[PDB]
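Take a look at this one chain, the form deposited without the named molecule, written out in structure tokens.
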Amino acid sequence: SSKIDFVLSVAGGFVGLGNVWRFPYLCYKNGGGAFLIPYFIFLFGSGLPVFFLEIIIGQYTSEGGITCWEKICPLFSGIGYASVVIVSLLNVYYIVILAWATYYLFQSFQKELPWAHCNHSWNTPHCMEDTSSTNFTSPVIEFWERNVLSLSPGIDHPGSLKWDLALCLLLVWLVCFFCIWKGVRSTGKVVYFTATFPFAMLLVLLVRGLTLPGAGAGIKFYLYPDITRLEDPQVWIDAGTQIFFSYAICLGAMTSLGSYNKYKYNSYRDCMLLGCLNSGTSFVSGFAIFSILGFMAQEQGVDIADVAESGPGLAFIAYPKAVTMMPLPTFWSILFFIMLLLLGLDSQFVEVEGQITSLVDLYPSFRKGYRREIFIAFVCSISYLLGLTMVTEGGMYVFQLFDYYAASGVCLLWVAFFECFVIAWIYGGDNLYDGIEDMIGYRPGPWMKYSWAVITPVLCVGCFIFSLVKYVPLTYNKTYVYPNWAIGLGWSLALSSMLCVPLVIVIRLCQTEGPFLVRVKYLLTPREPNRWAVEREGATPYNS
């Protein structure tokens, strides 16, 4: 009950599901240390500024993800809607990951781990024990492929959903619905098991990562950046996506959190601490993952680049292999699975609660008694239906598609650039300065102004231009080539969320009555000073 423990408990859970799952696979795909530089560049130039901006928006507007924009600038309020849609797409695969962990939980209660040996039913005759095996013939990899997912030849015929994954996803969705319906009262102490538990586990891995034989090669590879991959543009796209995924920005959840936060909240310290802790956690996770990969390369003899899958699910391949080497593998495996499940459940709770809060703030009584609860189910079950498409036999391809196009890609970058352009240019930097000064009692420095006005919008524009101009066909584990129609489907899924901005703009422009300048300025000016509209904003707000 000390001051330090209190100020630590005040700060929410810095650990995230993307830090333990998405960041390792992204770092392994991007080459290791070559990915660290763009990640740090985006965290310093764009991550923390956008995080602070969204926290300030939430704390000042005291509204959801959409109503805040209506209060700030109705013309671009459609942006908020798009964000909500993205959230849904996120869940479409996010909760699915939890089901996987759930299955591993039921596999963690045996004396002998299933991924330890090859002498099993689901393992193919090509399975070779570590005591060598190829990328697709390792015991843990064979287990993860042909016992949890049960991959298909391709996305042309996904087949029927697996009953095990279906039951796991159903149970997890029931837990998620009951946590909101009955309510969770153990939050005040849940940090004691959600905040301290992951980091310590990483320590148990880190001390083990340096202890694993043959891990020096993976560590030396991780500490060697490659300039040829830096010249390539996909690393920058992956870094910009991972920054937004880790900081949870561009999803409107941080806006709802700031709205729920008190008015006299010093957001600068929170933003700085969260950024530093996320950077440190990502560095430690990458170090441990590459140590594990070096150990696996030494044990199997294959090249470090060809050790495991260069795609989603790298955690379920890397962590059990390291736990098997640890003494008493059952205990550490159960601890890691419980920690991962709790982190993912907390992230899903936050995202779903933010989305429901935004949709209930936009449409009234769509939050009156039972009306607030039933709608929740109307979301969850529907998502569960989409979750079915991900729990199919060849559902990993649809999972990769939704991860690359639906909830990531050009969509998040476009939405973030538009938010920054509306706040800095349309709304005004001086207005935001005065708002922050009235809120927290201090005026931010010129660095935040230059980042919100020039650095972040131009950086996002360049990133999205590099993404659109130079595009590579999506592949799965560098072995399966997605069909031509799959690329079009992914682009259509991305454009469905991207086009939400101009459509609402045109709708509001046609909705407002009056001259053209009046029609535009009634949507540009906030709803609060809606007495008479200055048809031409002077050069003073724009240049300054």
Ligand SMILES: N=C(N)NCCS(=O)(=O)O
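So that the term is clear: the rigid core is the largest set of C-alpha atoms that superpose within 1.5 Å between two forms. Numbers follow the displayed sequence, beginning with 1.
Looking at the other PDB entries for this protein, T131 is present in the model in all of those that include the residues around it, rather than absent from a third. Missing coordinates between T131 and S132 amount to 10 or more residues of the deposited sequence. The deposited sequence places 1 to 3 unmodelled residues between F366 and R367.
The next section is about a form of this same protein that is not shown, the form deposited with the named molecule bound.
For the chain shown alone, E145 is not a contact residue for the named molecule in the deposited bound form, no non-hydrogen atom being within 4.5 angstroms.
The named molecule in the deposited bound form comes within 4.5 Å of no heavy atom belonging to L151. Residue contact check for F245: one or more of its heavy atoms lie within 4.5 Å of the named molecule in the deposited bound form. In the deposited bound form, none of the heavy atoms of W115 sits within 4.5 Å of a heavy atom of the named molecule. For a residue to qualify, one of its non-hydrogen atoms must sit within 4.5 Å of the named molecule in the deposited bound form; all three of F14, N19 and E351 qualify.
Interface residues of 259-291, taken as those with a heavy atom within 4.5 Å of the named molecule in the deposited bound form (partner not displayed), are absent. Just a single entry of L165, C420, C176, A215 exceeds or equals a 2 Å CA shift between the shown form and the other one, which is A215 (rigid core superposed). In the core-superposed comparison between the shown form and the other one, the C-alpha atom of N119 has shifted by less than 2 angstroms. With the core held fixed between the shown form and the other one, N266 has its Cα displaced by at least 2 Å. When the rigid core is held fixed, the Cα atom of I382 travels less than 2 angstroms between the shown form and the other one. Between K189 and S259, the Cα spacing is larger in the deposited bound form than in the shown form, differing by no less than 3 Å. In summary, the C-alpha positions of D361 and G13 converge in the deposited bound form, ending up at least 3 angstroms nearer each other than in this conformation.
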